[PDB]
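Take a look at this single chain, the form deposited without the named molecule, given in structure tokens.
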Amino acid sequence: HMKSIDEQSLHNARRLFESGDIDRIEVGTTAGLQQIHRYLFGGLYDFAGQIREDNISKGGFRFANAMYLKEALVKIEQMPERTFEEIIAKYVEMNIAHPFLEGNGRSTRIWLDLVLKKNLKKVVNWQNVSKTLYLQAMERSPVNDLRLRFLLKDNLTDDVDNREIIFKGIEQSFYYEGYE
């Protein structure tokens, strides 16, 4: 049957890697995040790659106000990346920013992995990170990122070019957002 947006965006994420285009994106920047989002969602959402002007919330959590989101992003992208701790802190702030109307989770996990790969030569082996544990670590992270740090640290891999880790990790990442 016709592909859904989630199904086609999953195909687009696989192609981002298969084509090599993944390694031609800026790492750790707002623009690089926009490039990922545009790759995943171009042709699917009208706002692919575009910083939102509206507010958004999920449960009782409101993401950064659109009113100062651009300003927040400039500071976020300048955060340092030389240790695991620093990289997770930068990711936590980019998650709080949540700069698109949709597609933040999936795009920003790819963004995180590129920062880890550049600076540590590791990525997250997402297939082994349970949805429940991931979502509760993320819910705690604005106040206390320790649970998230340890969860992700225990699931790092140095096998950053392995197809199965990459493709199963895309699958898992999309499953965090409800798609299987």
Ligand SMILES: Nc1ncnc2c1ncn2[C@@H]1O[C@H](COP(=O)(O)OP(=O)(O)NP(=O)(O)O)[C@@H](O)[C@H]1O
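Numbers follow the displayed sequence, beginning with 1.
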property: Between 119 to 127 and 56 to 64 (mean CA B-factor, as deposited), the higher; result: 56 to 64
property: Average Cα temperature factor in the PDB entry - higher stretch of 44 to 52, 30 to 38; result: 44 to 52
property: Peak C-alpha temperature factor (PDB record), options 69, 152, 112, 146; result: 146
property: Record-listed C-alpha B factor of residue 8: chain third; result: middle
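What comes next is about the form deposited with the named molecule bound, which is not displayed.
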query: Pocket accessibility when the named molecule, as posed in the deposited complex, is superimposed onto this form, judged at 2.4 Å from backbone or C-beta; finding: blocked
query: Of 151, 69, 27, 138, the one that lies within 4.5 Å of the named molecule in the deposited complex (heavy atoms); finding: 138
query: Listed residue (93, 102, 86, 77) with a non-hydrogen atom within 4.5 angstroms of the named molecule in the deposited complex; finding: 102
query: 59, 63 and 106 each touching the named molecule in the deposited complex (heavy atom, 4.5 Å); finding: yes
query: Proximity of residue 131 to the named molecule in the deposited complex, heavy atoms at 4.5 Å; finding: yes
query: Which of 138 to 146, 151 to 159, 27 to 35, 110 to 118 lines the interface with the named molecule in the deposited complex (heavy atom within 4.5 Å); finding: 138 to 146
